[PDB]
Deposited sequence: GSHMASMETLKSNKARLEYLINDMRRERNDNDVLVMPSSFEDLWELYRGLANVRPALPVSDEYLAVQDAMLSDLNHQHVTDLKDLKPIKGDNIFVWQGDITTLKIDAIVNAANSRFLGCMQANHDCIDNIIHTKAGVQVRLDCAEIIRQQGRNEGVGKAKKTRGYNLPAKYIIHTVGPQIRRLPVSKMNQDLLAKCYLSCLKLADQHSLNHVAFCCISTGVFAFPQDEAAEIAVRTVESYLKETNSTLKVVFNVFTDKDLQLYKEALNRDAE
């Protein structure tokens, strides 16, 4: 659309940010969209999983839906890289129209509560909306305990173009040469996500690159386990599931291409 329309939407979303920031400050400022967004994000990140105002949710949803759909990529417009069911796509996972995306969660399962942390959990929760945290809190409440490694739980995607978010907890990697045990645990994450998708009759799922951070699984070995586990699953089951390997960097892109090049 026009630059003019773009500037009006920006103005509206800055006003929505100010609104949401004010609510979170008062329940218990800067000028640029960039600075407002980081202020909002930090407040959202650290907020305990308690009920919100329904007016808050109306404003939040208007903002997040708008932001997430400004430049949507539809999986139907992508072409497979291997067979007819495996894709590698460079881009923002919160802007991909697809039945499910996979979130690398933590055991507390409420998302990232580290203000402004650069991790995929933070990104997915903050773009989807607070409902994802609230729904995860209810999953944990009904379960009676925090979430183990290598499992999968589904929530709605709310403001994401993705219909659902599949949440899995991966292993922490504290030793340089990744142990066999941790390799098996990562594979088990992939397998649980794939099975959950098929169980709920989803047509497609996207996995993300591991975000770089302390004790994150090394990218190289991660890609190899991802590809190996997905390919074994699709062979052994004759699943019609389509799988997308999402990457962000040019380097991660080439990495996954190689891993699929046999």
property: Ranges missing from the model, given as deposited sequence positions; result: 29 to 35, 270 to 272
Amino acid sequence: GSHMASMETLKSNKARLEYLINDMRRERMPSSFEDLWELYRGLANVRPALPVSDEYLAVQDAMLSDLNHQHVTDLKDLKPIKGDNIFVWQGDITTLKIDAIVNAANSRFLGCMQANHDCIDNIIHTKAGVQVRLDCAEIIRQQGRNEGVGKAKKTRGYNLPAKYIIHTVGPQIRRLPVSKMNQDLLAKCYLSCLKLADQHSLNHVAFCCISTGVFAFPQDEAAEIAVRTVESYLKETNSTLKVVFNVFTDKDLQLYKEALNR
From here on, numbers count along this sequence of modelled residues.
| item | value |
| --- | --- |
| Given 75 to 83 and 165 to 173, the range whose Cα B-factors average higher in the PDB entry | 75 to 83 |
| Higher-B stretch (mean Cα B-factor, as the entry records it), 226 to 234 or 31 to 39 | 226 to 234 |
| C-alpha B-factor winner, where the candidates are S211, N45, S53, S65 | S211 |
| C-alpha B-factor winner, where the candidates are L160, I120, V178, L186 | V178 |
| Record-listed C-alpha B factor of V244: chain third | middle |
| Entry-reported Cα temperature factor of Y190, expressed as the chain third it lands in | middle |
| Cα B factor band for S201 (lowest, middle or highest third within the chain) | highest |
| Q60 - which third its CA temperature factor falls in, relative to the rest of the chain | lowest |
| Third of the chain's Cα B-factor distribution that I21 belongs to, per the entry | lowest |
